[PDB]
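Coordinates in review
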Protein chains: 6
Amino acid sequence: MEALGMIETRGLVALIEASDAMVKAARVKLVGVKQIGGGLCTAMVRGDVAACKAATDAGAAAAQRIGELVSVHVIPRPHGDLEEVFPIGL
Amino acid sequence: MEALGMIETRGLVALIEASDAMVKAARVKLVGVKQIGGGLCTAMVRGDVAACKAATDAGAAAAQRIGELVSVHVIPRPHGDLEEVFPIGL
Amino acid sequence: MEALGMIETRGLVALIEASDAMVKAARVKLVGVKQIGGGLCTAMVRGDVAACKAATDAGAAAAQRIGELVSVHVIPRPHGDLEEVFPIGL
Amino acid sequence: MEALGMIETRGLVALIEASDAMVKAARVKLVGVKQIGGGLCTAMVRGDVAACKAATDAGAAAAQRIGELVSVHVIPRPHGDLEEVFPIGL
Amino acid sequence: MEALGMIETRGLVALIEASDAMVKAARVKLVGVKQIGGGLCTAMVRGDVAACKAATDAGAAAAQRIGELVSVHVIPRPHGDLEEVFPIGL
Amino acid sequence: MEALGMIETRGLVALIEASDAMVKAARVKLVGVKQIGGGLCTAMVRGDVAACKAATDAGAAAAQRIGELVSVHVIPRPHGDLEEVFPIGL
């Protein structure tokens, strides 16, 4: 399965910038966004593991420049069950 | 009834990582996610007591590595009334 | 009229553990759960005064072990008007 | 027009107790409740001015015993326009 | 186009008192209320510039007496684009 | 493709003042407003790079005269994927 990269920010503008930086940094698809309240929002990308790492590294740094980064994480081999509960599928 | 395992984080990325660690660690069913404002989000799994303990321990440790773990708990025998009111059923 | 027991937590996992402990401690019916944002959620039970007291005492202890208790309270004889505006009826 | 009394708490349980104490303290009708996020919720009563003062005074003190009071206020002659935008009408 | 007056509070009671003071102070139309999480809520009125200024000054002072005033502002000639996007229209 | 300007505030009144200042500073179109909780709201404009820069500079100054600015940013050339996941299109 494709790897999963995620960036979480507090603020949508930082996430939109994170998302742009991600999809331009590597061969990843922006497959989902989720807001959970408290000002926290998450963007989800899929690609190969090396792609997700380069994508999320660019996006994290991009987000830090304009807003508040909360988390950045790659799961190389995300479990199939995750797709049913979170917006990570294509 | 099956046991109930729950992890609650502040931040969705910590929760996706916890949920991944959970379903990988033991044979549990990821049976829902719930947000309640303030950035708090909870994931629920059902399995036998041994599986829910193994799942939640794995998820807790994993969430803690990348974000804010709020709560982790197993209810070995959740009361039938809970399924009516909370999204712990299948 | 039935008494009303209720617990409010900051965190859903503490509320679910509290609710389980309530319906197991006394003969009370778990009638509603409400979320009002900022992470705050409330579980409401109905039964006789002694039952709601036993239940909410047990629920409060259960909750604060694993999460944050905001409020615990019994109203022995709730006014009819509460039922039209709050989710406390059957 | 009837006077308007309002209590705002951070926490629902405090508000439910405030509401019970209000309707038992004076000849007021509990006409509405509104949650606005951040944990803030508001209960609205209508009656004569003296009723709303006694109602809100009892409710305020009731709420302070079990939770966090945010505001308590009586408008003796609330403008007609308020009814269209807020849950204060009968 | 008509001028736009807005008051924003943290807390609904402060906002209801502000709105009351507004419609009583000048000939303005209360054209909506908006909540955005965190306890923040905004009331909007439309009238001529003189009326919106009179309204918002009255509301701001009144809200301050009983709660947390966050913002108060008049836009004499709000751009047509704003009505499309925000609930300032009738 | 059009550039994307955006401002995020904690407070709706500051965002409406910022948005007014944006559409009045340059040839941009106010295309979306998003709220994500915790009081955070975002306005999004489209136009050429120079226009979004002028707009967002003006909006950021206007926002901070009356409220709290969280983020201001221009993406000169946003990726197509942003449009499928965020409200930035026409």
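Residues numbered from 1 in each chain as written, not as in the entry; some residues may be left out. Chains lettered and ligands numbered in written order. Heavy atoms only, no water.

As documented in the archive entry, the model was determined using X-ray crystallography at 2.100 Å resolution.

**Focus on the overall build of chain A**
To be explicit about the condition: Strands are runs of DSSP state E lasting at least two residues, helices are runs of H or I lasting at least four, and both sets are numbered from the N terminus onward. Two things to know: the radius of gyration comes from C-alpha atoms, and the globule rule equals 2.2 Å times the number of residues to the power 0.38. Contacts between residues were defined by any pair of non-hydrogen atoms, one from each residue, lying within 4.5 Å. Accessible surface is estimated by sampling points in the Shrake-Rupley manner with a 1.4 Å probe; for residues, cover comes only from the protein chains shown. Positive charges come from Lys and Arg alone, negative charges from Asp and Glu alone, with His and the N- and C-terminal ends not counted. To locate a charge, take NZ of a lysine, CZ of an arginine, CG of an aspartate or CD of a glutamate.
Counting secondary structure elements, chain A contains 3 helices and 4 strands. The secondary structure elements of chain A, listed N-terminal to C-terminal, are β-α-β-β-α-β-α. In terms of overall size, chain A behaves like a compact globule, its C-alpha atoms giving a radius of gyration of 12 Å where 90 residues would be expected to give roughly 12 Å. Reported as C-alpha extents along the three principal axes, the dimensions of chain A are approximately 30 × 25 × 15 Å. Long-range contacts, defined here as pairs at least 24 residues apart, represent 72% of the contacts in chain A between residues at least 6 apart. Accessible surface, chain A: about 3,200 Å² in total, of which carbon and sulfur atoms supply 51%. The distance from the centre of the 9 positive side-chain charges to the centre of the 10 negative ones in chain A is 4 Å.

**Remarks on the sheet that holds strand 1 (residues 3-10) of chain B**
Residues and elements named next belong to chain B. Our working rule: Note on pairing: two strands pair once DSSP finds at least 2 bridges between them. Fitting a line to C-alpha atoms yields each axis, with helices limited to the stretch in contact; the angle taken between N-to-C directions then spans 0 to 180 degrees.
Spatially, 4 strands are ordered 2-3-1-4 in an open sheet, and the strand pairing comes out antiparallel. With one partner strand each, in any of the chains shown, strand 2 (29-35) and strand 4 (68-75) form the two edges of the open sheet. For this sheet the average axis-to-axis angle between neighbouring strands, irrespective of direction, equals 15°. Summarising the sheet, strand 2 and strand 3 (residues 40-47) pair through 6 bridges and their orientation is antiparallel. From the neighbouring strand, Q35 faces strand 3, where its bridge partner is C41.

**Considering the arrangement of the chains**
Taking C-alpha atoms only, the smallest gap left between chain A and chain D, which are not in contact, amounts to 9 Å. Taking C-alpha atoms only, the smallest gap left between chain B and chain D, which are not in contact, amounts to 8 Å.

**Some thoughts on the pattern of salt bridges**
Rules: Note on definitions: salt bridges are taken to be side-chain nitrogens of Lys or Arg within 4 Å of carboxyl oxygens of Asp or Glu. Residue burial is assigned from relative accessible area. The probe radius is 1.4 Å, only protein chains are included, and a residue is buried under 20% of its type maximum, exposed over 50%, and partly exposed in between.
Under the criterion given, the structure shown has 32 salt bridges over all chains. We note a salt bridge from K29 of chain A to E84 of chain F, for which the minimum N-O separation is 2.9 Å. Taken as a pair, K29 of chain A in strand 2 (residues 29-37) and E84 of chain F in helix 3 (residues 80-85) lie in two separate chains rather than in one. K29 of chain A sits in the partly exposed class, given a relative accessible area of 32%. Notably, a salt bridge pairs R46 of chain E with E83 of chain E, separated by 3.3 Å at the nearest N-O pair. Here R46 of chain E is found in strand 3 (residues 40-47), whereas its partner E83 of chain E is found in helix 3 (residues 80-85), with 37 residues between them in sequence. Each of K29 of chain A together with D81 and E84 of chain F takes part in one network of salt bridges that share partners.

**As for the sheet that holds strand 4 (residues 68-75) of chain C**
One key point about sheets: their strands pair by backbone hydrogen bonds, in either a parallel or an antiparallel sense. Residue and element names in this part refer to chain C. One open sheet accounts for 4 strands, arranged 2-3-1-4; its pairing is antiparallel. Looking at strand neighbours, the two that pair on one side only are strand 2 (29-37) and strand 4, the edges of this open sheet. In this sheet, adjacent strand axes meet at a mean angle of 15° when their direction is disregarded. Inspection of the sheet shows strand 1 (residues 3-10) paired to strand 3 (residues 40-47) by 8 bridges, in the antiparallel sense. Following the sheet pairing, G5 is matched in strand 3 by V45.

**Focus: the environment of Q35 of chain F**
The following threshold applies: Here a polar contact is recorded for every N or O atom pair within 3.5 Å, except that within protein the pair must consist of a potential hydrogen donor and a potential acceptor, and residues adjacent in sequence are included only if both atoms are side-chain atoms.
Counting through the fold element by element, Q35 of chain F comes out in strand 2 (residues 29-37). Note: C-alpha distance between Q35 of chain F and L12 of chain F (23 residues apart in sequence) is 9.2 Å. When near neighbours in sequence (up to four residues on either side) are disregarded, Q35 of chain F contacts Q35 of chain A, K34, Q35 and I36 of chain E together with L40 and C41 of chain F. Separated by 3.2 Å, the side chains of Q35 of chain F and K34 of chain E make a polar contact.

**What about the packing of helix 1 (residues 12-25) of chain F against helix 2 (residues 49-66) of chain F?**
Residue and element names in this part refer to chain F. Threshold: The labels follow the angle: roughly parallel below 35 degrees, roughly antiparallel above 145, roughly perpendicular from 65 to 115, and oblique for the rest. Should the near helix be turned counterclockwise from the far one by less than a right angle, the crossing is left-handed, whereas a clockwise turn marks it as right-handed. Side-chain classes follow a simple rule in which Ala, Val, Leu, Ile, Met, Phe, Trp, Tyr, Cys and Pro form the nonpolar group, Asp, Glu, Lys and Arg form the charged group, and the remainder, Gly included, forms the polar group.
At a minimum axis distance of 7 Å, the contact between helix 1 and helix 2 shows a crossing angle of 150°. Between helix 1 and helix 2, the interaxial angle falls into the category roughly antiparallel. The handedness of the crossing between helix 1 and helix 2 is right-handed. Counted together, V13, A14, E17, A18, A21, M22 and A25 of helix 1 and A54, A55, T56, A58, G59, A62, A63 and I66 of helix 2 form the full contact between these two elements. When its residues are assigned to classes, the contact of helix 1 with helix 2 shows 12 nonpolar, 2 polar and 1 charged.

**A few points about the relation of the copies chain B and chain C**
What counts here: Each copy is overlaid on the others through least-squares superposition based on its C-alpha atoms.
After a rotation of 60° and a shift along the axis of 0.5 Å, chain B superposes on chain C with an RMSD of 0.2 Å. The superposition of one copy onto the other is thereby described by a six-fold rotation axis. When C-alpha positions in chain B are compared against the rotation axis, the closest is assigned to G38 of chain B, at 4.4 Å. A share of only 17% of the interface residues of chain B reappears at the interface of chain C, consistent with the copies meeting through non-equivalent patches.

**Structural notes on the interface of chain B and chain C**
Note the cut-off: Simply put, the buried area is the total loss of 1.4 Å probe accessible area from both parts when two parts are fitted together.
Each side of the interface is counted separately: chain B has 24 residues, and chain C has 24 residues. Taken together, the two surfaces of chain B and chain C that pack against each other cover about 1,800 Å², and 68% of this comes from carbon and sulfur. Considering only the side of chain B, the residues that lose the most area to chain C are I36, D81 and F86 of chain B, jointly responsible for 30% of the buried surface there. Where chain B meets chain C, there are 2 salt bridges.

**Description of the side chain of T56 of chain A**
Residue and element names in this part refer to chain A. Tracing the sequence through the fold places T56 in helix 2 (residues 49-66). Overall, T56 belongs to the buried group, its relative accessible area being 1%. A polar atom in the side chain of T56 sits 3.3 Å from the backbone oxygen of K53. If we skip the residues at most four places from it in the chain, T56 touches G5, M6, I7, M22, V72, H73 and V74.

**A word on the relation of the copies chain D and chain C**
Once turned by 60° and shifted 0.3 Å along the axis, chain D lies on chain C with an RMSD of 0.3 Å. Taken together, the interface assignments show that only 17% of the residues at the interface of chain D recur at the interface of chain C, consistent with different surfaces on the two copies.

**Observations regarding the interface of chain D and chain C**
Taken residue by residue, the interface counts 24 residues in chain D and 25 residues in chain C. Carbon and sulfur atoms supply 67% of the area that chain D and chain C bury against each other, a total of about 1,900 Å² over both sides. The three residues of chain D that bury the most area against chain C are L12, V13 and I16 of chain D, which together make up 32% of that side's buried surface. On the surface where chain D and chain C come into contact, there are 2 salt bridges. Between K29 of chain D and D81 of chain C there is a salt bridge, with its nearest N and O atoms 3.1 Å apart. For the side of chain D that touches chain C, the elements supplying multiple residues, two or more each, are helix 1 (12-25), strand 2 (28-35) and strand 3 (40-47) of chain D.

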